[PDB]
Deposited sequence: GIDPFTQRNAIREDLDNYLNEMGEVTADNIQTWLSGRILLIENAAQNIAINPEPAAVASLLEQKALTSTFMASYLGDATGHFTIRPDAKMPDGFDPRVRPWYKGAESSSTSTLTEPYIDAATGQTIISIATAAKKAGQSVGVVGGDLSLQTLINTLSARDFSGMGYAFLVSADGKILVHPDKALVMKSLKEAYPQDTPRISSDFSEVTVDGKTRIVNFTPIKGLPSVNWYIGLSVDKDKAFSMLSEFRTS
């Protein structure tokens, strides 16, 4: 094994890059739809126009919901949903995220005010010549992200922030845990090209690949493979 080790490294690196590239491409189109909705909203922000934009099938078929929230606390959501009493878009993570960035952004997983399930959102400020008229967002379910990741018997991919927080993992118990909390006995390190760590009495090899071309966030694909199966 100390002969083909540099070999295995090359396969694992290649698989990480491919997986990162797929997820980037999958997210990019969705990012573009939300940006386009924001650009269009900024053309005419009257609520009738906004509603009509947000009701179109390209958006409603791609996102669980798409919406605009503004600095007065008003919001429009399509498809319409009953929101909790007192719902204020200004305090929600999609809104504060977009307001803190010069470009589009993606949230970490959070609890959806609409459905009560764990989601991420894509969001961007809708600007008319330098002035923001509000924040436009769209929601994607965790289950959707988990399925996108498990699509492509050595091992599996997961998504982790560059702060070391697991964002999306096929084991749902590890969602939104730090690497340390998720792997307490022997912790993989994003600062290492490869981490050999024992899980349930087996050696796994873990590497991390940056996902290029996302706006505002720096996230990695983690790959974890059984060390015997990989060598075999």
* Parts of the chain sequence, as deposited, that carry no C-alpha coordinates in this structure -> 1 to 7, 160 to 162, 243 to 250
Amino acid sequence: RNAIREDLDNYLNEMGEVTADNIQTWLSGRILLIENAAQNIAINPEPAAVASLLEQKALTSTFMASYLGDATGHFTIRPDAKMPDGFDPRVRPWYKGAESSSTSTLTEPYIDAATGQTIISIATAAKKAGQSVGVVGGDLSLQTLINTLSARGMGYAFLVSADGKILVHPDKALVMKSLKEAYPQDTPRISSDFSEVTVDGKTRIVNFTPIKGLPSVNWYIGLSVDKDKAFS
From here on, numbers count along this sequence of modelled residues.
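The term rigid core refers to the most C-alpha atoms you can superpose between the two forms while keeping them within 1.5 Å.
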* Name the stretch that deviates more in 6 other deposited structures of this protein: 7 to 15, or 208 to 216? Use RMS CA distance to the shown form, core superposed. => 7 to 15
* C-alpha RMS from this form in 6 other deposited structures of this protein, rigid core superposed: larger for 120 to 128 or 153 to 161? -> 153 to 161
* Unmodelled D200 in at least one third of other entries with both flanks present -> yes
* Asked: Given the B-factors recorded for C-alpha atoms, which segment has the greater mean, 133 to 141 or 153 to 161?
  -> 153 to 161
* Structure fact -> Comparing mean C-alpha B factor in the record for 206 to 214 and 5 to 13, the higher one is 5 to 13
* Please work out which residue in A48, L167, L179, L33 has the highest C-alpha B-factor recorded for this crystal structure. => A48
* Just grab whichever of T60, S191, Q39, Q185 has the top CA B-factor as deposited. => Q185
* Structure fact -> Binned into thirds over the chain's modelled residues, the C-alpha B-factor of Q117 lands in the middle
* Structure fact -> Quick tally, chain-level thirds of C-alpha B-factors: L53 sits in the middle
* Structure fact -> Quick tally, chain-level thirds of C-alpha B-factors: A81 sits in the highest
* Structure fact -> Chain thirds by Cα B factor, record data; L223 belongs to the middle
* Asked: Would the CA B-factor of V199 place it in the lowest, middle or highest third of its chain?
  -> highest
